[PDB]
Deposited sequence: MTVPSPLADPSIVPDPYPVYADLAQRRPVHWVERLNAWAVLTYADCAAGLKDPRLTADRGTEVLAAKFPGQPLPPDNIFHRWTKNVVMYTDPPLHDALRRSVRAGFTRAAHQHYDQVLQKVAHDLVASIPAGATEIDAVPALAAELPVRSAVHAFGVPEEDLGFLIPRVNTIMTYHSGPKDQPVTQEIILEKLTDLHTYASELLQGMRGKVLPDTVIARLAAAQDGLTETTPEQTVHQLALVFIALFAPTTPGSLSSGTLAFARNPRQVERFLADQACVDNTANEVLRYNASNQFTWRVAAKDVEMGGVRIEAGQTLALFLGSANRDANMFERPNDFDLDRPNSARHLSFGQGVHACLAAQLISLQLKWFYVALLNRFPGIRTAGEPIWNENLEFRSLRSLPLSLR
């Protein structure tokens, strides 16, 4: 627990993959002091870890604080059986029928955003112009966040997501709860019909295994996830991958199977959430290391996704890869991303619109990355359009 590791250093965020690969070969499970946790780097160990009921997500200041009340009442930080009740209680937003509707909505929203870039424009910064914007348009039109309430919501989520005191974070999380409960009573903006939130709102008279107060907690989680840097990061990193791989732009334009695999290969190529957290409920052994009950683990999804044992030539962005769907960028098992299909639709329709209008995208200078590996996301992506 005293051996140095570079994994929590901002210096590796621009390109963490050679670091992951060097460390995995020698110490696939090892202690990272700045994370206060055991890093887990291989695909096999990350996948086992996500499936392991001995590893809890219940990670939970005065004891009645809102962070504790929130975490103990949302799917992301609870274990079965409560987790499973909480997850069933939001199923109405994410049915097969709902996704057939979101498919159509997201095709149009992505098309219209890309079409708003003048055809004669020669350059853009694809992060603010596109990657930051499409998730907001999707939040409004697919999820049903009222357009008129974005001024309230987005800056508060940005503050909560800061890489600012503990007091301020508790205040903004309190505000999200206030907003969520008032939204459901018609006191805030108008929720568009047939959206995720409209469906959840209509389901509230039918609760059987969760409480109205838990709906409020979970909606606060949804707002944080919606405006987190994860969706922008996926959009911008995939845009960079196409800009650096013109042969894959060609394959995308030539082959519907490549289009169909684009969301998953983009997600595999760069996990936005490069690691997620677990706590050992009981002693476990991983990577030859005895991890004791109570200790924290960081499962490096981003490393797993470039493990050559699962993905041959893992550093190739390859739309013809046959097993891209095995990526761990949405996790796996109990806590697998609630919005996985919504996100993959958003990604698919973005690249359809982008590469048909601007097949000639290329970088116009070096991309600039952020400094937080956990929520890894380009700050700027200067892009020539022609």
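If I number the deposited sequence starting at 1, which residue ranges have no C-alpha coordinates at all?
Absent from the structure are positions 61 to 72, 176 to 183.
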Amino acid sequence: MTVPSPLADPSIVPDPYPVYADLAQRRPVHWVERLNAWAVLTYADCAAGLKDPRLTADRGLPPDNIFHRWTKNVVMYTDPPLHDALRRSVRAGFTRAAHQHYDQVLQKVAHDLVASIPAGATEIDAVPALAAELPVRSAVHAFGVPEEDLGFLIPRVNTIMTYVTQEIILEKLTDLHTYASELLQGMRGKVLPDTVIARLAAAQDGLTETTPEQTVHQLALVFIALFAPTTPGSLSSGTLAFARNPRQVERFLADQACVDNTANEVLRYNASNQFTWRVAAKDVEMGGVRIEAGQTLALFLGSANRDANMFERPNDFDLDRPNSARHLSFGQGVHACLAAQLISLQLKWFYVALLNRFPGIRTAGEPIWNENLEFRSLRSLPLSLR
From here on, numbers count along this sequence of modelled residues.
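Would you determine, from the values in the PDB entry, which of 276 to 284 and 209 to 217 has the greater average C-alpha temperature factor?
According to the entry, 276 to 284 carries the higher average C-alpha B-factor.
Quick one: higher average CA temperature factor, 249 to 257 or 288 to 296?
According to the entry, 288 to 296 carries the higher average C-alpha B-factor.
Whose CA atom has the top B-factor in the entry, of 80, 238, 128, 135?
Highest C-alpha B-factor among the listed residues goes to 80.
Among 74, 139, 224, 169, single out the one with the highest C-alpha B factor in the record, please.
So the option with the highest C-alpha B-factor is 169.
Lowest, middle or highest third: where is residue 312 by Cα B-factor in its chain?
Highest third of the chain for residue 312's C-alpha B-factor.
Is residue 321 in the lowest, middle or highest third of its chain when residues are ranked by C-alpha B-factor?
Ranked within chain, residue 321 CA B lands in the middle tercile.
Using only modelled residues of the chain, where does the Cα B factor of residue 145 rank: lowest third, middle third or highest third?
Tercile = lowest for this residue's CA B-factor.
For residue 355, does the deposited CA B-factor place it in the lowest, middle or highest third of the chain?
For residue 355, the deposited C-alpha B-factor lands in the middle third.
Which third of the chain holds residue 156 when residues are ordered by C-alpha B factor: lowest, middle or highest?
For residue 156, the deposited C-alpha B-factor lands in the lowest third.
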